[PDB]
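Shown here: coords.pdb, PDB, C-alpha atoms.
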```pdb
ATOM      1  CA  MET A   1       0.000   0.000   0.000  1.00  0.00           C
ATOM      2  CA  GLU A   2       0.932   3.697  -0.177  1.00  0.00           C
ATOM      3  CA  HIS A   3       2.732   4.999   2.904  1.00  0.00           C
ATOM      4  CA  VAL A   4       0.844   7.767   4.667  1.00  0.00           C
ATOM      5  CA  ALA A   5      -0.213   7.870   8.319  1.00  0.00           C
ATOM      6  CA  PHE A   6      -3.672   9.144   9.360  1.00  0.00           C
ATOM      7  CA  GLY A   7      -3.475  12.622  11.020  1.00  0.00           C
ATOM      8  CA  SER A   8      -0.118  13.421   9.393  1.00  0.00           C
ATOM      9  CA  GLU A   9       0.929  17.104   9.594  1.00  0.00           C
ATOM     10  CA  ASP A  10       1.839  17.244   5.839  1.00  0.00           C
ATOM     11  CA  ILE A  11      -0.686  14.927   4.319  1.00  0.00           C
ATOM     12  CA  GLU A  12      -2.321  17.225   1.800  1.00  0.00           C
ATOM     13  CA  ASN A  13       1.033  17.572   0.056  1.00  0.00           C
ATOM     14  CA  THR A  14       1.615  13.810  -0.021  1.00  0.00           C
ATOM     15  CA  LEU A  15      -1.833  13.204  -1.505  1.00  0.00           C
ATOM     16  CA  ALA A  16      -1.598  16.019  -4.108  1.00  0.00           C
ATOM     17  CA  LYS A  17       0.428  13.523  -6.130  1.00  0.00           C
ATOM     18  CA  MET A  18      -2.049  10.739  -5.986  1.00  0.00           C
ATOM     19  CA  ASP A  19      -4.457   9.682  -8.641  1.00  0.00           C
ATOM     20  CA  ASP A  20      -7.428   7.553  -7.781  1.00  0.00           C
ATOM     21  CA  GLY A  21      -5.736   4.186  -8.346  1.00  0.00           C
ATOM     22  CA  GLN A  22      -2.991   5.443  -5.900  1.00  0.00           C
ATOM     23  CA  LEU A  23      -5.629   6.757  -3.405  1.00  0.00           C
ATOM     24  CA  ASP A  24      -7.034   3.282  -3.225  1.00  0.00           C
ATOM     25  CA  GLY A  25      -3.757   2.153  -1.639  1.00  0.00           C
ATOM     26  CA  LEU A  26      -4.151   4.115   1.650  1.00  0.00           C
ATOM     27  CA  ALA A  27      -4.682   2.373   4.892  1.00  0.00           C
ATOM     28  CA  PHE A  28      -7.494   4.800   5.559  1.00  0.00           C
ATOM     29  CA  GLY A  29     -10.546   6.193   3.912  1.00  0.00           C
ATOM     30  CA  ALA A  30     -10.318   9.347   1.849  1.00  0.00           C
ATOM     31  CA  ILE A  31     -12.934  11.591   0.278  1.00  0.00           C
ATOM     32  CA  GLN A  32     -12.323  14.665  -1.817  1.00  0.00           C
ATOM     33  CA  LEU A  33     -15.093  17.169  -1.724  1.00  0.00           C
ATOM     34  CA  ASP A  34     -15.542  20.460  -3.467  1.00  0.00           C
ATOM     35  CA  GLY A  35     -16.558  23.585  -1.707  1.00  0.00           C
ATOM     36  CA  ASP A  36     -20.198  22.660  -2.230  1.00  0.00           C
ATOM     37  CA  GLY A  37     -19.758  19.216  -0.739  1.00  0.00           C
ATOM     38  CA  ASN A  38     -19.792  17.302  -3.981  1.00  0.00           C
ATOM     39  CA  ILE A  39     -17.674  14.214  -4.133  1.00  0.00           C
ATOM     40  CA  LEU A  40     -14.722  14.288  -6.596  1.00  0.00           C
ATOM     41  CA  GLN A  41     -12.649  11.301  -5.294  1.00  0.00           C
ATOM     42  CA  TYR A  42     -13.670   8.345  -3.051  1.00  0.00           C
ATOM     43  CA  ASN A  43     -11.263   5.658  -2.144  1.00  0.00           C
ATOM     44  CA  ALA A  44     -11.611   1.877  -1.727  1.00  0.00           C
ATOM     45  CA  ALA A  45     -11.076   1.923   2.004  1.00  0.00           C
ATOM     46  CA  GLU A  46     -13.943   4.330   2.449  1.00  0.00           C
ATOM     47  CA  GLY A  47     -16.013   1.812   0.560  1.00  0.00           C
ATOM     48  CA  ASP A  48     -14.868  -1.017   2.883  1.00  0.00           C
ATOM     49  CA  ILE A  49     -15.830   1.141   5.931  1.00  0.00           C
ATOM     50  CA  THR A  50     -19.193   2.495   4.789  1.00  0.00           C
ATOM     51  CA  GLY A  51     -20.271  -0.051   2.092  1.00  0.00           C
ATOM     52  CA  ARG A  52     -20.744   2.368  -0.750  1.00  0.00           C
ATOM     53  CA  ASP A  53     -19.360   1.768  -4.244  1.00  0.00           C
ATOM     54  CA  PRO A  54     -16.923   4.532  -4.836  1.00  0.00           C
ATOM     55  CA  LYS A  55     -17.379   4.563  -8.537  1.00  0.00           C
ATOM     56  CA  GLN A  56     -21.104   5.170  -8.020  1.00  0.00           C
ATOM     57  CA  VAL A  57     -20.939   7.920  -5.421  1.00  0.00           C
ATOM     58  CA  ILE A  58     -18.504  10.192  -7.160  1.00  0.00           C
ATOM     59  CA  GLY A  59     -20.526  13.178  -8.336  1.00  0.00           C
ATOM     60  CA  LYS A  60     -23.179  12.976  -5.672  1.00  0.00           C
ATOM     61  CA  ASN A  61     -23.380  15.415  -2.779  1.00  0.00           C
ATOM     62  CA  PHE A  62     -21.925  14.114   0.459  1.00  0.00           C
ATOM     63  CA  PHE A  63     -24.163  16.069   2.821  1.00  0.00           C
ATOM     64  CA  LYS A  64     -27.451  15.958   0.851  1.00  0.00           C
ATOM     65  CA  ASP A  65     -27.529  12.589  -0.834  1.00  0.00           C
ATOM     66  CA  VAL A  66     -24.797  10.187   0.394  1.00  0.00           C
ATOM     67  CA  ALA A  67     -24.163  10.860   4.125  1.00  0.00           C
ATOM     68  CA  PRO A  68     -27.052  12.914   5.547  1.00  0.00           C
ATOM     69  CA  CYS A  69     -26.166  11.917   9.016  1.00  0.00           C
ATOM     70  CA  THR A  70     -23.191  14.214   8.801  1.00  0.00           C
ATOM     71  CA  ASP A  71     -25.662  17.052   7.974  1.00  0.00           C
ATOM     72  CA  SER A  72     -25.441  18.767  11.320  1.00  0.00           C
ATOM     73  CA  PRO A  73     -23.521  21.414  13.205  1.00  0.00           C
ATOM     74  CA  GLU A  74     -20.880  18.969  14.442  1.00  0.00           C
ATOM     75  CA  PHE A  75     -19.678  17.869  10.873  1.00  0.00           C
ATOM     76  CA  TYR A  76     -21.180  19.802   7.895  1.00  0.00           C
ATOM     77  CA  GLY A  77     -21.286  22.921  10.041  1.00  0.00           C
ATOM     78  CA  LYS A  78     -17.558  22.615  10.648  1.00  0.00           C
ATOM     79  CA  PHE A  79     -17.076  21.758   7.012  1.00  0.00           C
ATOM     80  CA  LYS A  80     -18.752  24.978   5.768  1.00  0.00           C
ATOM     81  CA  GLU A  81     -17.067  27.338   8.228  1.00  0.00           C
ATOM     82  CA  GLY A  82     -13.859  26.069   6.769  1.00  0.00           C
ATOM     83  CA  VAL A  83     -14.957  26.642   3.135  1.00  0.00           C
ATOM     84  CA  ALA A  84     -16.270  30.040   4.141  1.00  0.00           C
ATOM     85  CA  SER A  85     -12.941  30.816   5.808  1.00  0.00           C
ATOM     86  CA  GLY A  86     -10.406  29.324   3.412  1.00  0.00           C
ATOM     87  CA  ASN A  87      -9.008  27.143   6.144  1.00  0.00           C
ATOM     88  CA  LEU A  88     -10.003  23.856   7.799  1.00  0.00           C
ATOM     89  CA  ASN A  89      -8.139  21.455   9.937  1.00  0.00           C
ATOM     90  CA  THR A  90     -10.173  19.520  12.423  1.00  0.00           C
ATOM     91  CA  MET A  91     -10.292  16.052  13.855  1.00  0.00           C
ATOM     92  CA  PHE A  92     -13.110  14.470  15.817  1.00  0.00           C
ATOM     93  CA  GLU A  93     -15.087  11.283  16.555  1.00  0.00           C
ATOM     94  CA  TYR A  94     -18.398  10.449  14.908  1.00  0.00           C
ATOM     95  CA  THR A  95     -20.781   7.568  14.390  1.00  0.00           C
ATOM     96  CA  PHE A  96     -21.899   6.722  10.898  1.00  0.00           C
ATOM     97  CA  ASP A  97     -25.367   5.273  11.087  1.00  0.00           C
ATOM     98  CA  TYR A  98     -27.213   5.876   7.754  1.00  0.00           C
ATOM     99  CA  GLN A  99     -28.256   2.681   6.008  1.00  0.00           C
ATOM    100  CA  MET A 100     -25.531   0.669   7.718  1.00  0.00           C
ATOM    101  CA  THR A 101     -24.612  -0.891  11.044  1.00  0.00           C
ATOM    102  CA  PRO A 102     -23.586   1.985  13.297  1.00  0.00           C
ATOM    103  CA  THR A 103     -19.878   2.424  12.946  1.00  0.00           C
ATOM    104  CA  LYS A 104     -17.761   4.693  15.069  1.00  0.00           C
ATOM    105  CA  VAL A 105     -14.898   6.321  13.222  1.00  0.00           C
ATOM    106  CA  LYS A 106     -12.286   9.036  13.430  1.00  0.00           C
ATOM    107  CA  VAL A 107     -12.853  11.909  10.849  1.00  0.00           C
ATOM    108  CA  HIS A 108     -10.091  14.324   9.844  1.00  0.00           C
ATOM    109  CA  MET A 109     -11.089  17.221   7.702  1.00  0.00           C
ATOM    110  CA  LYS A 110      -8.418  19.279   5.910  1.00  0.00           C
ATOM    111  CA  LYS A 111      -8.260  21.894   3.165  1.00  0.00           C
ATOM    112  CA  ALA A 112      -6.477  20.489   0.100  1.00  0.00           C
ATOM    113  CA  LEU A 113      -3.490  22.014  -1.611  1.00  0.00           C
ATOM    114  CA  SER A 114      -5.768  22.327  -4.603  1.00  0.00           C
ATOM    115  CA  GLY A 115      -7.628  25.491  -5.176  1.00  0.00           C
ATOM    116  CA  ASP A 116     -11.131  24.841  -3.917  1.00  0.00           C
ATOM    117  CA  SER A 117     -11.232  21.365  -2.532  1.00  0.00           C
ATOM    118  CA  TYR A 118     -11.218  19.739   0.900  1.00  0.00           C
ATOM    119  CA  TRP A 119     -10.335  16.327   2.192  1.00  0.00           C
ATOM    120  CA  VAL A 120     -12.270  14.085   4.555  1.00  0.00           C
ATOM    121  CA  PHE A 121     -10.313  11.216   6.085  1.00  0.00           C
ATOM    122  CA  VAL A 122     -11.866   8.292   7.957  1.00  0.00           C
ATOM    123  CA  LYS A 123     -10.737   5.346   9.986  1.00  0.00           C
ATOM    124  CA  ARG A 124     -12.229   2.900  12.411  1.00  0.00           C
ATOM    125  CA  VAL A 125     -11.937   3.483  16.173  1.00  0.00           C
TER     126      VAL A 125
END
```

Just dump the structure as structure tokens.
Amino acid sequence: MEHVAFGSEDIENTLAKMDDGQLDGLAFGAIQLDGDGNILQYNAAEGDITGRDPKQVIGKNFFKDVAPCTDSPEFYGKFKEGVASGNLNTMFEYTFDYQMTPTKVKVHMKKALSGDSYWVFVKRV
């Protein structure tokens, strides 16, 4: 697999280089979202965790369509404050419970090195 640790101080630079095939080699789940919350990249691990087919969920909206349980102050709200502000670096625990067995995970949200995109990283706790 590709060699990146979850929570890494420099991780948005490491991932800048990665295409989707290479994203699927991470030991953790990775979503790339535009400033409107639309999914642009969605890695195999995230599929293993949540049970979605990444190919199919690219292009859908994370907060409206795919993961409405994250539509709340304590996830989306933090997401949008960061898009509003041009800056976003937060880590927290959450339970994913929409159309799946309830699964507690660690979420890390970080502004990408790209122009207007943001990362969401996920792993089991």

Enumerate, as JSON, numbers by chain, the residues matched when the PyMOL selection byres ((chain A and resi 91-106) around 8) is run on the file above.
{"A": [50, 51, 67, 68, 69, 70, 89, 90, 107, 108, 109, 121, 122, 123, 124, 125]}

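Distance annotation: of A:25, A:77, A:7, A:54, the residue with the minimal separation from residue 40 of chain A is A:54; atom set is only C-alpha atoms.
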
With distances taken over only C-alpha atoms, which of A:113, A:31, A:4, A:18 is nearest to residue 62 of chain A?
A:31

Carefully work through the PyMOL selection byres ((chain A and resi 34) around 12) for this structure and note down the residues it includes, as a PyMOL selection string.
chain A and resi 31-33+35-41+58-63+79-80+82-83+110-112+114-120

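You will find atom CA of residue 2 of chain A at 26.5 Å from atom CA of residue 66 of chain A.
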
Identify all residues satisfying the PyMOL selection byres ((chain A and resi 24) around 8) in the given file; provide them as an mmCIF file with C-alpha atoms, keeping the file's coordinate frame.
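And here's expr15.cif as it stands now:
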```cif
data_model
loop_
_atom_site.group_PDB
_atom_site.id
_atom_site.type_symbol
_atom_site.label_atom_id
_atom_site.label_comp_id
_atom_site.auth_asym_id
_atom_site.auth_seq_id
_atom_site.Cartn_x
_atom_site.Cartn_y
_atom_site.Cartn_z
ATOM 1 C CA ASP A 20 -7.428 7.553 -7.781
ATOM 2 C CA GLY A 21 -5.736 4.186 -8.346
ATOM 3 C CA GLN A 22 -2.991 5.443 -5.900
ATOM 4 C CA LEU A 23 -5.629 6.757 -3.405
ATOM 5 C CA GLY A 25 -3.757 2.153 -1.639
ATOM 6 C CA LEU A 26 -4.151 4.115 1.650
ATOM 7 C CA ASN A 43 -11.263 5.658 -2.144
ATOM 8 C CA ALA A 44 -11.611 1.877 -1.727
ATOM 9 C CA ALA A 45 -11.076 1.923 2.004
#
```

Separation of atom CA of residue 64 of chain A and atom CA of residue 12 of chain A, in Å?
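That distance, rounded to one decimal, is 25.2 Å.
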
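Pairwise distance (atom CA of residue 19 of chain A, atom CA of residue 57 of chain A) equals 16.9 Å.
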
Save segment 29-40 of chain A of the structure in the block above to a file, with N, CA and C atoms included, as a compact mmCIF listing (two decimals), in the first residue's frame.
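Contents of the output file result.txt:
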```
# COMPACT_ATOMS: atom_id res chain seq x y z
N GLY A 29 -9.56 5.66 4.82
CA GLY A 29 -10.55 6.19 3.91
C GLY A 29 -10.34 7.66 3.57
N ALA A 30 -10.57 8.01 2.32
CA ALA A 30 -10.32 9.35 1.85
C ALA A 30 -11.42 9.81 0.89
N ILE A 31 -12.01 10.96 1.18
CA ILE A 31 -12.93 11.59 0.28
C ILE A 31 -12.43 12.95 -0.12
N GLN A 32 -12.59 13.31 -1.38
CA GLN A 32 -12.32 14.66 -1.82
C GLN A 32 -13.61 15.32 -2.26
N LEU A 33 -13.84 16.48 -1.71
CA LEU A 33 -15.09 17.17 -1.72
C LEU A 33 -14.75 18.50 -2.30
N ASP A 34 -15.61 19.04 -3.14
CA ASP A 34 -15.54 20.46 -3.47
C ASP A 34 -16.22 21.33 -2.46
N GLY A 35 -16.12 22.64 -2.68
CA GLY A 35 -16.56 23.58 -1.71
C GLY A 35 -18.06 23.52 -1.48
N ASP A 36 -18.76 22.87 -2.38
CA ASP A 36 -20.20 22.66 -2.23
C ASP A 36 -20.52 21.25 -1.71
N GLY A 37 -19.51 20.46 -1.42
CA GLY A 37 -19.76 19.22 -0.74
C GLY A 37 -19.95 18.05 -1.68
N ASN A 38 -19.60 18.27 -2.93
CA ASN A 38 -19.79 17.30 -3.98
C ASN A 38 -18.56 16.46 -3.99
N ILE A 39 -18.75 15.15 -4.07
CA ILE A 39 -17.67 14.21 -4.13
C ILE A 39 -16.97 14.13 -5.51
N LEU A 40 -15.64 14.27 -5.48
CA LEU A 40 -14.72 14.29 -6.60
C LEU A 40 -13.80 13.05 -6.68
```
